Every structure is written in structure tokens, then in C-alpha cells.
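Note that each Cβ is placed from the backbone with ideal geometry, even for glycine, and that neighbours are counted across all protein chains shown. No value in this document is a laboratory result; all are computed from the given coordinates.
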Amino acid sequence: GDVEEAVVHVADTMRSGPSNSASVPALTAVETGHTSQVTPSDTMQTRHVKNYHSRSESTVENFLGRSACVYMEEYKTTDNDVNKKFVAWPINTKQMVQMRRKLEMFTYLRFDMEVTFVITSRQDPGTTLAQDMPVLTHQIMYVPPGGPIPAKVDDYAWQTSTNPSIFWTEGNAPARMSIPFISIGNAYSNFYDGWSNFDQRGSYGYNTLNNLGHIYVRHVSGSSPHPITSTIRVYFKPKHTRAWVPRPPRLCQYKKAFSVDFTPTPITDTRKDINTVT
Amino acid sequence: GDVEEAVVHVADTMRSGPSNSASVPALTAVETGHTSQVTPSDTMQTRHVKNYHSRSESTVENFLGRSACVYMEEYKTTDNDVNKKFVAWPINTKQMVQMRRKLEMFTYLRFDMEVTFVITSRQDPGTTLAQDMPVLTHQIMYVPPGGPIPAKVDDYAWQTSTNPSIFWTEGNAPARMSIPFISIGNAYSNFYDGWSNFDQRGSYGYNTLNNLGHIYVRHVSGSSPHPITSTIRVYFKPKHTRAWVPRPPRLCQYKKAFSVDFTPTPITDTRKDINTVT
Amino acid sequence: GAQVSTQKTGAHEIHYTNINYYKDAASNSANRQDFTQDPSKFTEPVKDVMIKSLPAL
Amino acid sequence: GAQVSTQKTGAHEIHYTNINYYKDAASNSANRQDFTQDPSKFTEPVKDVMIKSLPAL
Amino acid sequence: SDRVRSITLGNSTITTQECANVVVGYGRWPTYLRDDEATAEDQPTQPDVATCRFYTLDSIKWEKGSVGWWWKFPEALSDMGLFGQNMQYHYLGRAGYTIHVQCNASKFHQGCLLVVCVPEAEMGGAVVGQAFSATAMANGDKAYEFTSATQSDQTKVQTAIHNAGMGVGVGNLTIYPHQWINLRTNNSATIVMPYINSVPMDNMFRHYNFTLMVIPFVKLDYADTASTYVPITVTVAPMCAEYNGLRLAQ
Amino acid sequence: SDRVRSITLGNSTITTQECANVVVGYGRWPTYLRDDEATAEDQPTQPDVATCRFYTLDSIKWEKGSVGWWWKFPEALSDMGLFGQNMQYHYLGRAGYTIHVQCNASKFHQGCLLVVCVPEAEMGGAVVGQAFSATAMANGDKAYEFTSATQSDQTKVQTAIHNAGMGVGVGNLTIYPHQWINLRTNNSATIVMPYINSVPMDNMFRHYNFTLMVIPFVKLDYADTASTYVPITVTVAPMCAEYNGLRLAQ
Amino acid sequence: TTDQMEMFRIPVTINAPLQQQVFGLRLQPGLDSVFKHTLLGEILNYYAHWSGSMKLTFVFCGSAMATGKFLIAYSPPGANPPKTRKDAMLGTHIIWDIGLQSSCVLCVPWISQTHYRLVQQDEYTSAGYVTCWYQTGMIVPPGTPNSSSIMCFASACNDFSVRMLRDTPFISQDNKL
Ligand SMILES: CN1CCN(Cc2ccc(NCc3ccccc3F)cc2)CC1
Ligand SMILES: CN1CCN(Cc2ccc(NCc3ccccc3F)cc2)CC1
């Protein structure tokens, strides 16, 4: 009641001696699509070995359980262009190459999410920099699809009544939050070989299923006599992950954020000849 | 269940009286390589004494269980030279003399590690220093061997997806982390009397077994109108230590970070004559 | 309502406590202590079982 | 899952509790409470045992 | 008497009528690798008797001006009987050793030698920041000479005797397994060195497991005799040797 | 199927998908020497795995005009791996052998080979009353050629194929352990030869335990194909080998 | 290779010198160009250490009437790679006979001084070489092609493992997409 209490090493080698029989483990047929299950004990004499190695670090949970940057943008506290004083990003995981490739090794995924925000500020260069400004504060707002979108830093939409938001002050620890599995389907889909219209027309590819919403950021009320620039980095960390239908890793460099377009690439590098080993 | 519960003083002297017999504990023979086990009770009359002294502070765990600096370097927030705005250090324990000598008293070691980072900043001198800059932030990245290495402060490699990293803000406590035993062998080796190539050629010495990786540091996004210099100090603290095959302490001053080279040194200091005692 | 379970160590030569503070299961920490696996799905997708010793065909 | 053990004091003239919060044994604190030792390995490496009272040879 | 010892390995025997006790490494006797500690999968080869036998490694001359000598193993036995051949044909090796040093003189000679096995005896070059080849520190069974004065040639190791070529005090070498040959009461020293390394097995052509060192701590002296030098002989016998990973011969 | 065989010795394996049964000497499997039958007193050495493994002894070319070939053992393996070294360093030796001969051709080729192991295959010189050296009958792993016509050179053995160089009818060699390679239904022949001699052990450099002979009894024939010859390979694996009386290397 | 698909086929000819090497390669699954981009190499490049045995499977894609034998040998680390069949046959090897069963498996045993090896392999942690040689030669009847091809498959055994996750170097970007 006060307390309730709650490891699989790799397979061990086994002693094998000389053999002479009709059994032929070495010979098989790959045409069946079946990968041979032979072991070194079946083709050579071997000693008894106890293996304590474990595959703990190869689990999908651990493989994907690392925070990775997915988007970075800059906004100023004061400027002439209204659009340049706040950020508006449609959520998607295809912006950064490394995590994109990591995720694209599986066709369908289902996981919880942990989001962390890193914010830094710097004073813009100029002819006069002498000023005193108290600590700045920032607001992060999440707008599910179809909700109102602010058009300026001081718009009424920033008074969130249902939209979740975070207020953060510089000098403290980075902000963090958790997000459950929020897909209409039974699992996220990295790829979608299909169209939008039933007549096989319109948008094509994974761009059709991206309806996760938007994220907005602004300086709460800071407006310095001189410009100050801030940068925000977003990090995603899957939790409680499940994956299905593995795929081959991508060979060609990415070129578009919402398409699979690519350029043909050689299979691999070359060497002098088939016998060169040096 | 709610709670589960879980000292060796030095040997005591024993009363000894006058003796006259054929036994001769005082006489021995060092040629056997055996150190005599005689005690003062075996050569002089002694009283009974109870010793409460303990050798707790001489254990290897406590002897090596102190954090020591191993590397310090400086990088600037802004400068013309790209290579001067970030640090790239190959991990090794031979850089600082004191901890090097402490570790070199044993041939093989096996321990967990605790790493602490101390970061400080200062404004570079100049003709104009009036500026206002928010708090700075720093990123520490660890790259196992063979991984991609950034070539500039704003390189893509800084978007770690698998490489662990720490983001730290000035004014808070120093960053800390733990590292398990990460050697391919069964124990770390301070010395290696051997070569790299099987033909007894190439690299020689402990430089061959140093493949621990690299560490990189940068200012996240700070770029001041005027230069700012930062310094980072790295501290190592072994935990759960085991040691084998003690060696004599080094007598000659160190001269290379990856070699045992030295200059001959006198055994010890001199005195007027063999009888001088003043 | 505290869970006690073993932690990762070594073969030849160890308990930690965990408590949940939030009402949403999505807030828990990663459950990276599972090590079950079965490769027969991708390595032996055939219908008829084949004995390694016997000839393939 | 709390461990209770004695702390260092004096001969003539005392409990602390410890709990582990992380799943990795490398995160624990130093186990500097062990005081076992045996110098015979380096002081008596001979094959035949020699009695101190008896002559060496 | 306890001053008489006999050792029998393979088809060879060693008898000494004037000797001290036998030092056994760190109290550990040589033994074969266990099943739960090995890493290689294939069956090893244990050429017992063929390889586990004594091998006289040449002989030196002890003069009044001698300073010391050293040998490196297992390279010293690189071309000695079937041991050398098996070393050449296998990728991995593992074996303990029994070292016996002989040095006899009359009851009118005086001198003292230190016999010590230094595991991982890494050495520094004569000139700091200058590399040496694998010929200034090991060239088969031949013995290398320590020097009284500081070495000057950049092509060889620093031979300063007082620093033992490892930048440490020569007097502190007692820590390692060792024995003393005092001409007053001893003629031979015996040390049984078990296999010490950070890995279960290792290539025996790339790594020097340990170095033997013989240093006269009291210079030889005598008067009015026809004997001008005291020869010194070393004999070594691998024990519980097993090889692995057969391949073309190096 | 019974036409599939697999043999595993040491770190080498042989697989054949088209073969006949395996012939076992005189029904006796190779084995180690027993205690009540030995004569030498010292401990033997059994370098199992290091020496008990397959060794491809070069390859010949089968033409329309080929007559036959022979090899002598253990001299044929005199310089093959650790087997040769151990042979060189020991006075006495004893080991059985497993001989596998490979020869493959299409279903449009025709021919028949006789594979036979002749123990004590003593041979007579080309000229009666004229001695030959130990180079006209064995020079390592190289194969020697039989001749259709009567030999005339006095420096070599009588190579008349019909008499098998032993002054006996070639057709009667069936008495010895043997197998046939018929291209219609076979590609390999396997023979397990136990140790046969009048003494428990013998010097392996002075005595030829047995001779292998491959004789085409039906000449190779084919028509309209780009393949001009059928290569033939021999592979031999010592079994239960043990040596004795170590000494300097021959 | 003007045709990329040609990289997957190992040529073979009817009339070859009695002994002739078919191919040779270094056993560096995570670093060698041959294994760099395979399904196994890609996984390894996300890690730093690896251990265990490996499987190499060869399939003969010639005519049904063709026949031959091949010797495939694995040479542990050494000062020199093998140059002739006599040198190669001393190490671990298997004799492959081509018949109804069109595939043969060479299991590379895990022979190493350390429990683990670096993916970014160096001289210290070498792994050896793998080579293939003609055992008997390829013979064909009339009315068949004079050339054939072989293919190789790579995979890990059941005792394989990896550790120390790292970021792969094969993928990079210069600007935000
Ligand atoms: C294309 N991939 C599909 C999987 N999807 C996972 C995912 C789901 C939700 C979130 N939410 C991030 C968030 C946190 C806090 C406030 C607003 C937010 F949008 C992130 C990733 C990623 C895209
Ligand atoms: C030559 N000595 C050998 C022992 N080795 C111990 C050791 C092992 C690992 C680390 N890691 C430090 C670290 C922490 C966090 C991120 C990256 C890191 F590299 C330190 C010491 C020291 C060298």
C-alpha cells in the first residue's frame, strides 16, 4: 500500500565439435525471402561463451527519446514592419533534416510529446546603445486549427481564454510542457501516397494530413528605445513511442520542406578495383 | 519495506615483557622479496594500548573522490576569426599536472564520472564600453568519435538530435552530469607499452587508446555590439572507483601532453655530510 | 503510492522510487525499461516453417 | 525504498536516510563507506609461508 | 633445507642448491581463461608442453662498471622454438611466465642485483618531442644497456639509470614483484608472473606485456682472483599458454 | 537427399551438393594412441584445431590427353601451416587424414576418374639397377605426371601408367580404399584414411605413409563448348594428430 | 561504373587462371564504402560501438546448367592481407558448391581482443579481410552465356549489439528548408 515493488542478454555461444553428416546448415535459398538463422557454431568449432551484452540502447523508446531542435526564428521588440515583431509557425516536423531523417525510418508513429523552449536576446548594433531596460517577458500561444490568428503584436487575440499559453521571464529555466497524442487517426503518418480530392487531384503527399495548428510568440509589453532581437528554439522529445512498418533510410539530400523531391545520387563511393583492399 | 537498514580500527599494541629465547623476530632476509611483519612489541617491552584510529580517509574511493580541473579555454561572442568563437577539445586527462599525477599512480582504473562546468564572462577592454546586453546562454555538446564536427558557430551540426547537450544560463548554479564507464575494454589504461600497427610501427604509447571524442561550446545566439570573452573550466570527479597494479609516483616534471618524455633529475636534495643532523 | 524498481547496473557487479504528481498519464516519465523483442516477424515471414538443418527446398 | 545506515562519528562519543531518484546506477552518490583492506598481496607475495619468529632461511 | 628448489616444466628441469623463496606475482597463480570471461567465439588451441618449457635467453657479462640491463616480453621470445611459430601464426595470445635468473660467484665476491618485472613499462625518448623506432627498445632476445650519464642520441630511449627510463625514482621499483640476488647468501631469483592486461587476450607482436630489469645496486668487487667477470643467465618458461584466431604467418 | 554432405574440421568447412557416400578406410575411424599400445615415455602434444583442418593442395588441369597424377603424404603437407612446423620440430608423428577431391563439369561432358589411397606405395626406377633421388617421386605439394609410354630417363621413376609404377596390374588397385568420380552422377570423392603402419608412431620426414593416385579410366570428351579443360582440386585434413620427441627444427 | 546497377554484380568467366581472386574487401561495416550505405551500415552509423558476428550470404544467378566451386575465406587482422589462395585458405573459410541450393552462408565469427569495436574503426581495432577465390572454375555446356554474376547479402547474427548513440554524418543541410 505505502510501497508496491515492480535483463534479457544476447544469446550465448555453445561448444561445437567436429561434424560429418548429411545436414547442411550453411546451404539455403534466399529466393524464399527468408533470412538464414545460422550461427557461427554451425560452421566452425567454437568454445562456450557467456554473453552479458544487452540491446537496451537500441530500443525505439531510447532511439527516439532525445530532444532535437525543429525550428528557430527571430523577432524584434520594436520595428517599423508589423509582421517582423512576432512569429507565426505552422507546426511540422519536416523543417530540420536530422530529426526528419530519424522519424522517416518508420511509416506510422504514436507517441506523447514533450516540448521545451529556449529563448535568448541580444541588443542590435547601432550608433547609440546606452540604455537601461528591465528583464523582458515572452508569451507563447498555441492555436488549434481554425482559431483566430493575431495580425499584430497588440491584437485582441493575445487575451487567450481557451488557447493554452505560457508566460516566461528571462533568466529562469527554459519553459516546458507535455502534449498527448492529438491525431484524429490512430497514428501519425510520415508518408501519405494519395491526393486530397476524391477525383485524384489537388494536394499530393504528406502535406495533406498536416493540420496541427500554429504557434505564436511575442514580447509581452517590452518596447525598448532601441531595437532588441530575440530568438526562440523549439525542441521535441517523443515519449511512450510505438512504431510500425520500418522503411529504408533516405539516401538523397532533402530539398523541400513539404515534398519528397530529390536529385539522383550514386549508390556509394568508388575504389580502384574489385580487389583493392588497402 | 518502507525502510530497510544497512568501524575497522588499526591493530592494537599488546603488553610485552622481558624475553630470552632462540626466536629472533628482528632477523630476517630481504632477498626473498618479503617485507618483515615485525611490530614494536617484538623488540621492546610495551604497554597495552587501544587504538581507535581508522584508515577511512586513505581509501582509493576517497583519495580520488575530489573534483579537479582538467581543461580551461576562452572563446569570444563576436570576432573576425571564425575559429576563435567556439572551443573544440579532444577529451583527455593528461592536460593538467596535478590530477595527471594522481591518476598515474595506478595502471588500470574503472570508475564512473561526474562532470561539472564552470563558466564566467567578462567584457573586453576598449575605447567604448557603454552597452546593455541581456543574460547570455551557452551550449555544451558532446560528440562521440566519428560524429559530425561543426566548422563554425552557426553550423547545422548544433541542432543535436542524438548527441547529448546542455543549455545553461548565467547566474544559476554550475551545470553537472554523470557519465558511466564508457571504455571498450574492461578498464581504463593510463599506460600502454605498445604500437598501433601490428608491424610494431606508427603511434606509440597511451596516445593510441585515446578515442573518447570531443566537446564543443558556443554562445547560443549572443552577439554583442562589442566583444565579450568567456572562459569554461571542466572538472572531473571519479565515483565507484577500482584500481589495479600500483606504480611508483613520477619524479620528473611533465613536458608533453601525450608522451612520457622527461629530463633526468637528481634522486633528492643534498646535505653537508652523512652525519649532519642539524 | 510509490513504485520501487531496479535500475541498470552490470552483470557480475540498486533501487529507486518513483511517484506521479500529475493527473494526466502523458505527464509521466519515459518508460525506457522495456527490452522485449521478436525478430521472427521480419526474418521468418514464410508460411511453412523451415528447419535450418534441413535443405531449404 | 529508503536505506538507513550509520554515519561516521567517534570512538567513545547517528542515522541518515538515502533514496535514489534516477534509473541509472551511475547517478548514485559515492559509496565511500567501505573500509576493507588486505596488504598481504603486496607484503607477502611468497609461495611458502614464513613464520616471523622462525629464521627466514 | 629450504635453500634447495626444483622446477619441472615440459621436458626441462631447473635445479638450484642455493636459492631463496619463490615470489608469486601478486599472489595469483597462472591459469586458463574461464568461459564467463572470454570474448572470442572460436575454439582456442592449447599447445601444452610444446610451448610450456624453459628457454635460456642468451647470457650477459657483469663487469665492475656495469649499470644494468632490460628485456621486453613476449618479444624477447619472438623466435624461440614452437612458441615463436605459434605467436607468428595466431592473432591473439595469452600466457603467464616463470622467470629464473642465475648468477653465481665465490664467497670472496661482493655485489647486489635487483630483479623486477615492470608491467606496462612505457619509456620516453632521449630527446623530448622526438620519436624512436621499435629497435632502440626491443630487437629479439638481445639485452639493452642502461647508461650512467644522460642519453644524447635522439634515435634511442633515455637510458639515465637513476630514472629507470620511465621518469620515476629507481629506488621505488620495489612496489612491483621483485627479488634480490645478494652474493653473500643467494645465486638465483625466481618470479612467477601471471597474465596482467585490461583485456582477456591481446596480440603478442604489437604489445609488450611487461619488462624485466636487472640493476646492480651494489657494484661487483673482488681482489686477487683470475675470474675477471661474473656471467648472468636468464631463463623464461611460458605457462598455461593458449592462442586464438589462426591466420597467415606474420 | 543423400547427395548432400557437409564436413567441419577446425575452422574450415566443406559442403558438397552432389556427392556419393563416404568411404571410411578399412572400417576403422581415426583415433588417438592408447596407453597400453604406446612405447615413448614423455608426454605427447595434441595441437588440435591448429593442425586438424582442411588444406587445399594446389590444383591441376584435366585435358583430353591426361594420363594421371599422384601425390605422396605426409610429405605433400611438409610446408602447410602449423602442420609443417610441428612436423619439422618433432621426431615422431601420428595422424589419420580425410581426402576430398573436387571435379565438376556440365551434363554434356563424359569421363571417369579412379581416386585410391595406396599404403606403402614403393616404386621402381625407370632403369633396373639405377637409383633415383627423393625429387623424382616427391617435391612438396606439386603433382607428378604418369606417362602413357615406357619411361627412358634413368633419373626418374618408371611412369608406365598400365603398371602403376609398382609392377602390378592397374585394374587391380580396387583392393585399396577408393571411390570413382563419374561426371554423369558425381562431382567429389571422400576417403577417411586411418593411421596404418607396423609401429605406433614414425618420423614423418623419412617415411611416406601412403600415396594418393587419380587415374582417368575413361578419357574426358566434350564437343562445341568454350570450356577447354576441367580443373581438379584436392583438399586434405589431418585428424587426431599427436607429436612426440621435440628437438631442433630439421 | 557508368551504370549504377552494375555495382551489385560480381563478374565471373568460364576460362580463368587455375587460381584467381574473385573479390576482396575490408571488414569495416560502418566505415568501408561497401558496407557504408547498406541496411546494416545505416543503423551502425547512428552509434559508436558495435560487437557480435556477421552473416554474408552469396547467391549464384547464372544458368541452371552452369556449375562451379568457390572458396570464401575470412582473414583476421594481420600485417598483410592475403595475396594468393594458399595464403587465404589458412584462415577461416568455407568451400561453396553450386547446385540445387543456390545460396551459401559465410558466418564471420567475432574474434577481437575487446568486447566492443569502434564504428569509426582505426588501426587499433581492425577487423580483417574477406576474399573469394576460384576453387575449381566455372564450366558451362554449349549454347549458354559465357559470363555470370553473383550477389552478396549482409546481415547481423542474433548476438549483435550497438551502444553510445551518436548523430550520423551522412545527412547535412546549409539553410532552413
Ligand atoms: C509530422 N509530425 C507528426 C507527429 N507530430 C507529433 C507532435 C504532436 C503535437 C505536438 N505539439 C507541440 C506543441 C506543444 C505545445 C503547444 C503547441 C504545440 F503545437 C508536437 C508534435 C509532429 C509532426
Ligand atoms: C585517460 N583517462 C581515461 C579515463 N577517462 C575517464 C572519463 C570517461 C568519460 C568522461 N566523459 C566526460 C564527458 C561528460 C559529459 C559529456 C562529454 C564528456 F566527454 C570523462 C572521463 C578519462 C581519461
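Filter the strands (runs of 3 or more DSSP E) completely within segment F:1-94 down to those with at least 1 residues that are more than 29 Å from F:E122 (Cα to Cα).
F:5-9, F:12-16
Which of the following residues is under 25 Å from E:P44 (Cα atoms) and more than 14 Å from chain B (Cβ to nearest Cβ): G:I94, G:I98, G:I139?
G:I94
Can F:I175 be described as within 21 Å of F:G124 (Cα to Cα) and surrounded by fewer than 14 Cβ atoms within 10 Å (Cβ to Cβ)?
yes
Going residue by residue through segment C:26-40, is there one that turns out to be within 20 Å of A:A243 (Cβ to Cβ) and in contact with a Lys or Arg (Cβ under 6 Å, 6 or more places away or on another chain)?
Yes: one or more hits.
Which of the residues spanning segment B:56-90 are part of a strand (DSSP E or B) and not aromatic (F, W, Y)?
Listed by number, the residues that qualify are B:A68, B:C69, B:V70, B:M72, B:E73, B:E74, B:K76, B:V87, B:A88, B:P90.
Take the residues of segment B:181-191 that are closer than 21 Å to E:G124 by Cβ and facing another protein chain (nearest Cβ under 7 Å): which is farthest from ligand 1 (Cβ to nearest atom)?
Once the filter is applied, the top-ranked residue is B:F191.
Out of G:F60, G:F70, G:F35, report the one residue that is among the aromatic types (F, W, Y) and away from chain A (no Cβ under 12 Å).
Among G:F60, G:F70, G:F35, only G:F70 is among the aromatic types (F, W, Y) and away from chain A (no Cβ under 12 Å).
Only residues that are farther than 19 Å from G:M164 by Cβ and assigned to a strand (DSSP E or B): list them for segment B:139-150, please.
The one that is farther than 19 Å from G:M164 by Cβ and assigned to a strand (DSSP E or B): B:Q139.
Only residues that are away from chain G (no Cβ under 14 Å), over 22 Å from the mean Cα position of the chain (by Cα) and surrounded by fewer than 19 Cβ atoms within 10 Å (Cβ to Cβ): list them for segment F:198-245, please.
Within segment F:198-245, just F:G245 meets the criteria.
Kindly provide the set of residues from segment B:229-246 that are aliphatic (A, V, I, L, M) and more than 26 Å from A:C69 (Cα to Cα), ordered by number.
Selection gives B:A243, B:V245.
Take the residues of segment G:1-30 that are within 19 Å of the chain's Cα centre (by Cα) and of a type in the set (D, E, K, R): which is surrounded by the fewest Cβ atoms within 10 Å (Cβ to Cβ)?
G:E6
Among (1) within 34 Å of the chain's Cα centre (by Cα); (2) outside any loop (DSSP other than H, G, I, E, B), there is one condition B:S41 misses while meeting the rest; what is its number?
For B:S41, the exception is condition (1).
Looking at (1) in a loop (DSSP other than H, G, I, E, B); (2) touching a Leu at 6+ places or on another chain (Cβ under 7 Å); (3) closer than 13 Å to G:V108 by Cβ; (4) not β-branched (V, I, T), which is the only condition G:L56 fails?
Just one mismatch for G:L56, condition (1).
Quick one: is E:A164 within 15 Å of E:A76 (Cβ to Cβ) and of a type in the set (A, V, I, L, M)?
It is false that E:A164 is within 15 Å of E:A76 (Cβ to Cβ) and of a type in the set (A, V, I, L, M).
Across segment B:170-180, what is the number of residues that are at the interface with another protein chain (Cβ under 8 Å from one of its Cβ atoms) and either in contact with a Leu (Cβ under 6 Å, 6 or more places away or on another chain) or within 12 Å of ligand 2 (Cβ to nearest atom) (or both)?
Going through segment B:170-180 one residue at a time, the tally reaches 3.
Name the one entry in E:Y55, E:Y32 that is within 14 Å of chain F (Cβ to nearest Cβ) and among the aromatic types (F, W, Y).
Of E:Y55, E:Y32, the one residue that is within 14 Å of chain F (Cβ to nearest Cβ) and among the aromatic types (F, W, Y) is E:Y55.
Return the only residue of B:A22, B:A29 being farther than 25 Å from D:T6 by Cα and crowded, with 17+ Cβ neighbours inside 10 Å.
B:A29
With the requirement that a residue be assigned to a loop (DSSP other than H, G, I, E, B) and in contact with a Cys (Cβ under 6 Å, 6 or more places away or on another chain), what does segment A:230-262 give you?
Passing the criteria: only A:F262.
Would you mind telling me which numbered condition in (1) more than 7 Å from chain B (Cβ to nearest Cβ); (2) surrounded by fewer than 19 Cβ atoms within 10 Å (Cβ to Cβ); (3) among the aliphatic types (A, V, I, L, M) E:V192 fails?
Here E:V192 meets the rest and fails (2).
If a residue must be within 30 Å of B:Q123 (Cβ to Cβ) and touching a helix residue (DSSP H, G or I) at 6+ places or on another chain (Cβ under 7 Å), how many such residues does segment B:79-113 contain?
1
Please enumerate the residues belonging to segment G:111-125 that are surrounded by fewer than 21 Cβ atoms within 10 Å (Cβ to Cβ) and more than 7 Å from chain B (Cβ to nearest Cβ).
Result: G:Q121, G:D122, G:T125.
Please list, ordered by first then second residue, the pairs with beta carbon atoms under 9 Å, 6 or more apart or interchain, first in segment B:176-192 and within 16 Å of B:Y206 (Cα to Cα), second part of a loop (DSSP other than H, G, I, E, B) and within 16 Å of ligand 1 (Cβ to nearest atom).
Hits for this filter: zero, empty list.
Tell me the residue from G:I43, G:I72 that is surrounded by 18 or more Cβ atoms within 10 Å (Cβ to Cβ) and within 29 Å of F:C52 (Cα to Cα), please.
G:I72
For residues that are among the aliphatic types (A, V, I, L, M) and more than 21 Å from the chain's Cα centre (by Cα), tally how many sit in segment F:8-67.
3
Given the options D:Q3, D:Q7, D:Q33, D:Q37, name the one that is facing another protein chain (nearest Cβ under 8 Å) and over 30 Å from C:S29 (Cα atoms).
It is D:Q37.
Does segment A:109-131 contain at least one residue that is within 15 Å of ligand 1 (Cβ to nearest atom) and part of a helix (DSSP H, G or I)?
no
Considering only residues of segment A:91-108 that are in a helix (DSSP H, G or I) and among the charged types (D, E, K, R), which is nearest to ligand 1 (Cβ to nearest atom)?
Among residues in segment A:91-108 that are in a helix (DSSP H, G or I) and among the charged types (D, E, K, R), the one nearest to ligand 1 (Cβ to nearest atom) is A:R100.
Using the structure shown, decide if A:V97 is within 14 Å of another protein chain (Cβ to nearest Cβ) and away from ligand 2 (no atom under 16 Å from the Cβ).
yes
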